[PDB]
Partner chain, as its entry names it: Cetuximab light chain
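In structure tokens, one chain follows: the form solved without the partner chain.
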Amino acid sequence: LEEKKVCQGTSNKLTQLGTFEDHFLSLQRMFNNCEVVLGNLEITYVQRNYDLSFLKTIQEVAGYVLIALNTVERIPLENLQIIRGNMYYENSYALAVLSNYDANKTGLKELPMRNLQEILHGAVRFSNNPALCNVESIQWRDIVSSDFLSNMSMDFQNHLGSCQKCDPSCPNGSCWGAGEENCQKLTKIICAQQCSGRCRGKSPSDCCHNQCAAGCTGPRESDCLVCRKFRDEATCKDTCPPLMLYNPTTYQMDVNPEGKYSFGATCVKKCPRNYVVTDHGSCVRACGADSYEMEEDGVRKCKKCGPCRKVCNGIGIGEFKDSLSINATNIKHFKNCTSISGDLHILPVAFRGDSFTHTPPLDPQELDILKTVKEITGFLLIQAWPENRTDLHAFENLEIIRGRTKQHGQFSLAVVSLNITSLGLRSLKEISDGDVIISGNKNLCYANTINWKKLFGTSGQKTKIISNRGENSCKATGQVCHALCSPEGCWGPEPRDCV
């Protein structure tokens, strides 16, 4: 009923993306009109005079917040009220503000986060910010969970001096910057004893409902600033209202007319497109070991097997949380999988081996293990392939790519900068959602012959199939679909390569 502009987030830590300007356009593009950040918020390397006003819309950050190596004078995160800290930075921090300046000349001066009332998980660290003003006066015991205040290893300084004292109207001299506007709002340290969560004031009639986070404008549920757990229309619930309720005097399940489904941290009428609906009235991206999927008449719903097909986790989750690609070490686990719950990444590192990560080259022959993979729930990203392999034979049985998860939030299938001459994706019959990009494959010749639209199952799906091998050259060298393929092209020159 009242959405809220949401956006992806980033994980570049302390890396710079090209020039300062380049790096900046990347930032501005990733958070322009964003109110909620599902990932992390990383503001780094911004220089003097670059406007960060677009940052004023950020209200929530799900992961961590990294502010570092910025020389810009002000970072206006004026409305960020919550940092969940689902995922940390450097193992311990939900908020890290580091080395914000250059040669003891200029640096980050003001960070007016006057609404940062809560950090659910993780600690906070400040270091080498010789120009940052006022933050020192902050009482973090009102923002960070007690079970994290001890891991706080901060350290401030005033080697800029152009710092004004907090306004006299502020609490115990606490503020995020000059002005009464930036005084620190307390909501957990000055609360009435008879209270659980945050509070409006110290009055017993001014306490917030337990499901409230940061603060509230009233004593009720629909009166929270930000929700603790789930969010239902305009309410904060510890769990979404079930679709069914047990009846203690019937030993039967009654249908709750006010039930809804769990979708992330929100409750909704019906699950969205391409998600699976469970018996528990929730939307999941992957069923359980015993279940599978059924649709065509309604919505894809899980069920339950015993001859269940083998489901292996994908790069990014499970035992491969910090694994960059399919590699010598992990390729064993994709043993004899038929379906991947998650995504598959194949980067050049897989073939070179990686020191910093103790991984030896992968034997090209090993990839044939993937021939059993018939479906991928997330996305398939191929940035490298064995040098002497003409096509992606190892995936010639891949039938469905669902796109439940996508690269950069957009792509479901990404085949770039390889030397393959044809795709070989003979079984690929459906790309549920997500975009398809097949670019920079200088010798790739059949891509455009396939009618991709015929594989899509969601509106707005598009392709970016350019800059591979020139059509004219493909025709000249006679690399085109076989004679028995008047239909929707082919995945290669071969007869059995035809769609």
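Residue numbers count along the first chain shown, from 1.
Although not depicted, the form solved in complex with the partner chain is the subject of the following passage.
Novice: Are any of the heavy atoms in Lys464 no more than 4.5 Å from a heavy atom of the partner chain in the bound PDB entry?
Specialist: Taking the distances in the bound PDB entry, the answer for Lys464 is yes, it comes within 4.5 Å of the partner chain.
Novice: Taking any heavy atom pair closer than or equal to 4.5 Å as contact, tell me whether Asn40 reaches the partner chain in the bound PDB entry.
Specialist: Taking the distances in the bound PDB entry, the answer for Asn40 is no, it never comes within 4.5 Å of the partner chain.
Novice: Would you classify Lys56 as touching the partner chain in the bound PDB entry, given a 4.5 Å non-hydrogen atom cut-off?
Specialist: Outside the cut-off, so no.
Novice: Any chance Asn49 has a heavy atom within 4.5 Å of the partner chain in the bound PDB entry?
Specialist: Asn49: no contact with the partner chain in the bound PDB entry.
Novice: Can you name the residues of 428-444 that have a non-hydrogen atom within 4.5 angstroms of the partner chain in the bound PDB entry?
Specialist: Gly440, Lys442 sit within 4.5 Å of the partner.
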